[PDB]
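Structural characterization, general
So you can see what is in the structure, the chains are spelled out below.
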Amino acid sequence: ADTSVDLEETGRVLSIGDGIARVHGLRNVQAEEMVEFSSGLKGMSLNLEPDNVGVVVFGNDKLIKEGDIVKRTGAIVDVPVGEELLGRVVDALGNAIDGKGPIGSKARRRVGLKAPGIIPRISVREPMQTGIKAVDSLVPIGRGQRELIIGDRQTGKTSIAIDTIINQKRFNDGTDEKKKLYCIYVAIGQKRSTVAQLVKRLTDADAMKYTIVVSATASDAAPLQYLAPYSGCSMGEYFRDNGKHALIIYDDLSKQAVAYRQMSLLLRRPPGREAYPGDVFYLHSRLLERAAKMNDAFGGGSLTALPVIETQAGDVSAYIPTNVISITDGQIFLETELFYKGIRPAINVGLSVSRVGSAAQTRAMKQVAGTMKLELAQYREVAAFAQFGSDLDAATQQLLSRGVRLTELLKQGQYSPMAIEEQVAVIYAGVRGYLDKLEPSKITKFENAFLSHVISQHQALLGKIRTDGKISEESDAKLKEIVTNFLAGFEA
Amino acid sequence: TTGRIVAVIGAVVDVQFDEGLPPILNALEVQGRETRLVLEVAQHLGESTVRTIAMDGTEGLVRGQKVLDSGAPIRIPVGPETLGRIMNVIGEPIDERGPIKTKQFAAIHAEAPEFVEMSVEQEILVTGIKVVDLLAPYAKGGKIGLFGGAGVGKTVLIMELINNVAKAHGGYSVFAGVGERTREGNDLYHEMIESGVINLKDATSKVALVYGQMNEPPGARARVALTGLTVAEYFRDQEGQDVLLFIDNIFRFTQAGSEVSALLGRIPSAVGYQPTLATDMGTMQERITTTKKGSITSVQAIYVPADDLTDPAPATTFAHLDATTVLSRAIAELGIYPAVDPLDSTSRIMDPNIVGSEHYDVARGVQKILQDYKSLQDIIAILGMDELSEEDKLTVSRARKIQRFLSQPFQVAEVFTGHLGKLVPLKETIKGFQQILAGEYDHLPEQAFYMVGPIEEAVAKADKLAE
Amino acid sequence: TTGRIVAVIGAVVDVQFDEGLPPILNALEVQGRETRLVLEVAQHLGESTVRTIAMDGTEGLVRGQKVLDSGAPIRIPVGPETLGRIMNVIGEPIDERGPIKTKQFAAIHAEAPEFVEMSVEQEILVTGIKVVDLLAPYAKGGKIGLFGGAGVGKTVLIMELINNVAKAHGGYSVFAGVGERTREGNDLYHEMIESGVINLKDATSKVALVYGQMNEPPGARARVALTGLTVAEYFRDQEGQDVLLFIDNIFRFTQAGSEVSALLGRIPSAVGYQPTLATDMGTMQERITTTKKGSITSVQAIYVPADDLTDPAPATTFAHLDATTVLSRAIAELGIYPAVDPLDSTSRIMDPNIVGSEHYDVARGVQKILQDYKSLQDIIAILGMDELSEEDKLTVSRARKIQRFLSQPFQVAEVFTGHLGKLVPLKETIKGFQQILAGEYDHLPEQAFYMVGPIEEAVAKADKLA
Ligand SMILES: CC[C@H]1O[C@]2(C)[C@H](OC(C)=O)[C@@]1(C)O[C@@H](/C=C/C=C/C=C/c1oc(=O)cc(OC)c1C)[C@@H]2O
Ligand SMILES: Nc1ncnc2c1ncn2[C@@H]1O[C@H](COP(=O)(O)OP(=O)(O)NP(=O)(O)O)[C@@H](O)[C@H]1O
Ligand SMILES: Nc1ncnc2c1ncn2[C@@H]1O[C@H](COP(=O)(O)OP(=O)(O)NP(=O)(O)O)[C@@H](O)[C@H]1O
Ligand SMILES: Nc1ncnc2c1ncn2[C@@H]1O[C@H](COP(=O)(O)OP(=O)(O)O)[C@@H](O)[C@H]1O
Ligand SMILES: [Mg+2]
Ligand SMILES: [Mg+2]
Ligand SMILES: [Mg+2]
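Residues numbered from 1 in each chain as written, not as in the entry; some residues may be left out. Chains lettered and ligands numbered in written order. Part of a larger assembly, values for the part shown. Heavy atoms only, no water.

Structural notes on the UniProt feature "binding site: phosphate" in chain B
Residues and elements named next belong to chain B. If you check UniProt for "binding site: phosphate", the listed places come out as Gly 151, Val 152, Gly 153, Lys 154 and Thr 155 in our numbering. Structurally, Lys 154 is set in helix α2 (residues 154–166). Of the residues examined, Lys 154 reaches a relative accessible area of 8% and is grouped as buried. Each residue touching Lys 154, except ones within four places of it in the same chain, is listed here: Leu 146, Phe 147, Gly 148, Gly 149, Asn 249, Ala 301, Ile 302, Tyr 303 and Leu 327. Separated by 2.8 Å, the side chain of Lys 154 and the backbone oxygen of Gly 148 make a polar contact. For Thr 155, the position within the fold is in helix α2. In this structure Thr 155 touches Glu 184 and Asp 248, once residues within four positions along its chain are discounted. (UniProt positions renumbered as here; feature names shortened; annotations may be inferred. Helix = DSSP H or I, 4+ residues; strand = E, 2+ residues; numbered from the N terminus. Buried < 20%, exposed > 50% of the residue type's maximum accessible area, 1.4 Å probe, protein only. Contact = heavy atoms within 4.5 Å. Polar contact = N/O pair within 3.5 Å; in protein donor to acceptor, adjacent residues only side chain to side chain.)

Focus on a nonpolar patch on the surface
The grouping of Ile379(B), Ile382(B), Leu383(B) and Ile382(C) at the surface amounts to a nonpolar patch, some 400 Å² of accessible area in total. Residue contributions to the nonpolar patch peak at three residues, all from helix α10 (residues 357–383) of chain B. Mapped onto the elements of the fold, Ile382(C) is located in helix α9 (residues 352–383). (Patch = residues over 30% accessible without salt bridge, like charges linked within 9 Å, V, L, I, M, F, W, Y side chains within 5 Å. Areas by Shrake-Rupley, 256 points an atom, 1.4 Å probe, with all protein chains shown as cover. Salt bridge = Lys/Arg side-chain N within 4 Å of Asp/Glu carboxyl O.)

Section: the UniProt feature "binding site: Mg(2+)" in chain A
All names here are of chain A. Within this numbering scheme, the UniProt entry marks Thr 158 and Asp 251 as carrying the feature "binding site: Mg(2+)". Sequence-wise these annotated residues cover 94 residues; spatially they are packed, their C-alpha atoms never more than 7.5 Å apart. Mapped onto the secondary structure, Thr 158 falls in helix α2 (residues 157–167). When sequence neighbours within four positions are dropped, the list of residues in contact with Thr 158 reads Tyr 185 and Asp 251. If we skip the residues at most four places from it in the chain, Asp 251 touches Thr 158, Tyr 185, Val 186, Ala 187, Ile 188, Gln 190 and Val 308. Within the structure, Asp 251 has its side chain in polar contact with the side chain of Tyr 185 (distance 2.3 Å).

A closer look at the site of ligand 3
Residue and element names in this part refer to chain C. Taken together, 15 residues lie near ligand 3, and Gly 151, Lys 154, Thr 155, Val 156 and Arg 181 sit nearest. In the model, an oxygen atom of ligand 3 is placed 3.0 Å from a nitrogen or oxygen of the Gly 151 main chain. Here an oxygen atom of ligand 3 and a side-chain polar atom of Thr 155 are 3.1 Å apart. Summarising the interface, the protein chains cover 82% of the accessible area of ligand 3, which totals 610 Å² for the free molecule. With three residues, the single largest contributor to the shell around ligand 3 is helix α2 (residues 154–166). Here the residues of the shell around ligand 3 sort into eight nonpolar, four polar and three charged. (Near = heavy atom within 4 Å. Nonpolar A, V, L, I, M, F, W, Y, C, P; charged D, E, K, R; others polar.)

Quick notes on the site of ligand 1
Residue and element names in this part refer to chain C. As a matter of local geometry, ligand 1 sits amid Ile 331, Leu 334, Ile 336, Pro 342, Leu 343, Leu 370, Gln 377, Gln 403, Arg 404, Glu 446, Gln 447 and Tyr 450. Residue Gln 403 places a side-chain N or O atom 3.1 Å away from an oxygen atom belonging to ligand 1. Residue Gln 447 places a main-chain N or O atom 3.4 Å away from an oxygen atom belonging to ligand 1. For the shell around ligand 1, the per-class residue count stands at seven nonpolar, three polar and two charged. Two domains share the shell around ligand 1, each providing at least three of its residues, namely domain 2 (74–349) and domain 3 (350–466). (Domains from an automatic or database assignment.)

Examining the UniProt feature "binding site: Mg(2+) 2" in chain B
The sites that carry the UniProt feature "binding site: Mg(2+) 2" are, in the present numbering, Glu180(B). By the element assignment, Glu180(B) lies in the loop between β13 (173–178) and α3 (182–194). Exposure remark for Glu180(B): the relative accessible area of 7% places this residue in the buried category. Residues contacting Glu180(B), with those up to four places away along its chain left out, are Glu289(A), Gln213(B), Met214(B), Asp248(B), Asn249(B) and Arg252(B).

Listed below in structure tokens is the structure:
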């Protein structure tokens, strides 16, 4: 009596095509459980129907044929989790792809876990410094916050994320464990060579050490790409739940949606708006809710998320775009127009926001950029309203003079994340009007000069601003002195 | 009765009962779960099989799993012992403070008040917000709606109203968070406490809370609003008090439905919506109402997909309101907060017979000029300003100034504006505008009119700006 | 194994088997036909049936007809003996020159090189085309894409590049004509013969040609890319060879895919396309790549339907290139050739640390001015230039001359330009563009810049006008 293949813990492929198996026994599988195919190929029980189980396949369905034996696993899908992953490149399931050996994991985690409720969290209060003035000044990001990077192809979205990860060496190479930030980079639908490039740079920047990279690229099965984000999420909660700090980049959630759409349609689930399943909102909400700030009762750890979304024809109003913008705690909108115009990063002041406000900013920063945002907004307007110098007063001449100067200061190159104090110094200079007489064209050069000066000579002021975290009365006075004088020598 | 699960596909679970088929709306409990899973019966497929919507995750469910008919729709603990507490779609405490010991329980599903139960009193409910008050006054016991696309201020506005109104309000308040951000319920809870609206030590709690956030399955989302609303109807009827109902965001109720609609086997209606949208909305919105027994003052936030007010949802909701505050990204984009659209916001009490003509003439006055200016915007854009008559270039002036005077620093957005929140009284509003309209400030600069409270601050700010 | 034709619809033939059910991807040979008819298994419908995609017209097939499992997937001749030959999707010669006698045979379906196999060296590939070189430079072993609506310049650009680069290339080249014109294959072959890249006498040909044109049934068009692809893979890995791979047009593949998709019985995705669009592009695009073993510089022409770049097909393709040349009808109609959109074409090499900052700065210089022009455009349109600022009018002047200098005559397009084809060396481009920017030519007339190679020629053209 060979009883190994009873229809309760096992089943047999009735048919297979396009990555969907319609398995025949599996009488005791649970919705969302993982099963195994003769071929060592893992799948997931998504539809539990009266007469069959619809199984989504985590791999090339070419090796599956009608009749194959499918085995339960008894487990809802999960993945390796923990410190072992740092510095390693894994696939959507955890397996290493850097051919640097197995991961030494001792912990696992279900990819699909509800985000901590109301009780377990505390208001986001600690900054998450990007290194980018524009960002850190105008659309602040705190830990446990979700902030979106959105824009058309090539407007620079990934760069925002890279610079951030890289800026984290400051604290990670440091002493303080509370300030440390472990990073997770999830590439989705992307191209292998691009990712390989990515991991190189991270390595060259000495950032891999604290980063884990989950890769679910273009040729990866739909379900891998689909799962990928949740996978990476789970690895992040490890840190979050253990009083440690993590940062996760979902690059990008657009390609995952298509995978979801595909996976979903191939399971015969009626297409919805724009062809996507009626639950794409949910697909993302569920995920991003997980990024969170835990109270001291739960370790005070946190997970901060930076999902990316690609618009078309810079149309942010778009259904998906809006679906995600309505979940996150703000957005960074990059325009190609600005980009070409010289405004790099192409952050669109007006359209980008942070729902956390200054609570995620050091007093130093709040001090300098407290009103700047709405100022620039109001600037952009009059700048338009006078593209014909219409009987213009002074308050507005001053308004355009600041506007331009400030706009120049928020410009920034790549791969050179600035330290918080550095930012304050430079913004300071502008906001205070010390630059209102400099020629716009000069500004950038000045900032390089100035920053040079203080860093080299004045690190005492830098270290105090940095340390006190505020701009004291004397610091504000030692600053005035420097700028004004240097500016003059400079304006020889 | 006891049924078995026969199929699981997402939030929708089909159940087969051998004997006695649970009626539609009935709640069923899934046996064998660490957590309580309720399934609401949605349809009778026939063959003694019912199609249902899960009130929670369906992972782990197995074909054949046991399910008992609870014999009744979802019933929740309703009553005064709900105050200061946090509840589930299904009435479970989620604040970690122990059971909710109510004398009674209520089904979240119920008929709406009859026509002969309607009330018609209409009395202005001053908020302190220049815009609203001036142009689209809210009404005590009325239905208010805050419309806005993603990130334009719906929540903040609901936030300042809680502060400016809920806070003094002598009566209960029920805030229901439907399909919104979890971070948000935590911000709010802890604020209610630090301000004593919620009291954890005694019975001075003046606000009950109900939550079914974005991290939930469509099922929960399709119901929390009911739960919430249900709590509120108690205090209206069984106690007869003045309730204040806050829902953020009612859109989520509708999107919830759309999310399972297909799995229920329905041809989609337009824009992807389910074909029962309106009725689904109707049977709900009709409960959210003031009656002769008690009074409700509901403030509902309404999401506008893609910024398109014509979307079947936002569109379908306008008729349910007595007062509407329409927010616009175009306004917000300029830095004008609260980003209300002065020409798209309305109130049923904007009647001379109700607020008076000074009120009225001002409002209308304010609106004419803004309209007058809208029309010209696109034209002087290209053709420039010279050819414009002094007559017509003064309205460009006054208009741009008003556009500003309409902004206001909220007390709940200092983290945003970097400005102390100002509350303005009705007359300070009327007068201030009255004056601008009168030519009485054609000397001060526009900027003096941006982000300030009362007109005097605009005058003071002129000077400060005077260098 | 022998199955029987169960159903037939267009290219979708359903075959049932009794003893051996063939795995997906396996090539079956239909029995009882004048010529080879391969069927590629697509899925197991259960009930002992398989649904397959024909590789040739299905007319004549009859229900109950016998089909034979080849036992493997479509396999094609690979090696140097393919050099100088034209072959089919299924690897048979179509050049009427006999059988392709190779040692090895490869199957058209392979997996993409692994992560660890990737390469990250980034070298610039100069093409001699001003716009390309300056603003969206290509890269050795890189991925280039030419986006173009109908009759905009995709093919002419590929040819010019074949001319300027392929001609003086050490290794091999593989042209794959997918869904395009038959005459084009013919135009090329014979030309290839002439310039000797194809030699019908010796073994000195440097190019292997694979074609499945506008006349084939969908399934063929859906696989030829894979075919050319395979050939290229051989040279790359098996000989650590530096390859060149030209494809015209890769859009066709996706189109082909949409043709059979309904027949496969799938709910359509947006715009009627197959829900597997992206993955299909994916597992295919991912094999067209350089690796540690070998280099594959690949230039692929990407047709844009109805001129809509937001169409799922092209839209989904951007993500697979290292450098993209988006062609514009508007520009072409203005008479600018090549009709390249300067603010829409990009390159992962446009980094100061790679092209040098001199290059980097002119590049962004040029774009900035054109961007600026752009904003002025609304107004210039109703009111012209009159109302413009002295300063503004200056951007406009410069922009109109920078705009003109971006055009250039290709040899390949001599018959239409009426001018002799030109190849401008990078430094010459970097330069000529500085000067323009720098106001060194504010005195010359625009017309002087139109249709020229080096700046030097533009000065002259100015004398000739004057
Ligand atoms: C809408 C087309 C746009 O595409 C451009 C890139 C410009 O957009 C911006 C951002 O730059 C643009 C507005 O105008 C084009 C300019 C085209 C110029 C055509 C010149 C033709 C011309 O110029 C001459 O000087 C002499 C000539 O004939 C002897 C001919 C035909 C450019 O390609
Ligand atoms: N601050 C910056 N200054 C200058 N160049 C920048 C800036 N940030 C990004 N880049 C460059 O701008 C280009 C766009 O970068 P990238 O972040 O890849 O945009 P993207 O949205 O990821 N593009 P893609 O994902 O391919 O659609 C690259 O060349 C970057 O090198
Ligand atoms: N570089 C060029 N210079 C001058 N004329 C050109 C150039 N490129 C294209 N043309 C003209 O445009 C026509 C179409 O060129 P071609 O390269 O065939 O476009 P295409 O993109 O291949 N068209 P199709 O493939 O049908 O979409 C040519 O025959 C010429 O008349
Ligand atoms: N009253 C306001 N004053 C100033 N800024 C505000 C105000 N309301 C909204 N904002 C800006 O808008 C953002 C989004 O507002 P929020 O209530 O989250 O939007 P939604 O309407 O989408 O819920 C805030 O984080 C803040 O930066
Ligand atoms: Mg990117
Ligand atoms: Mg909100
Ligand atoms: Mg062509």
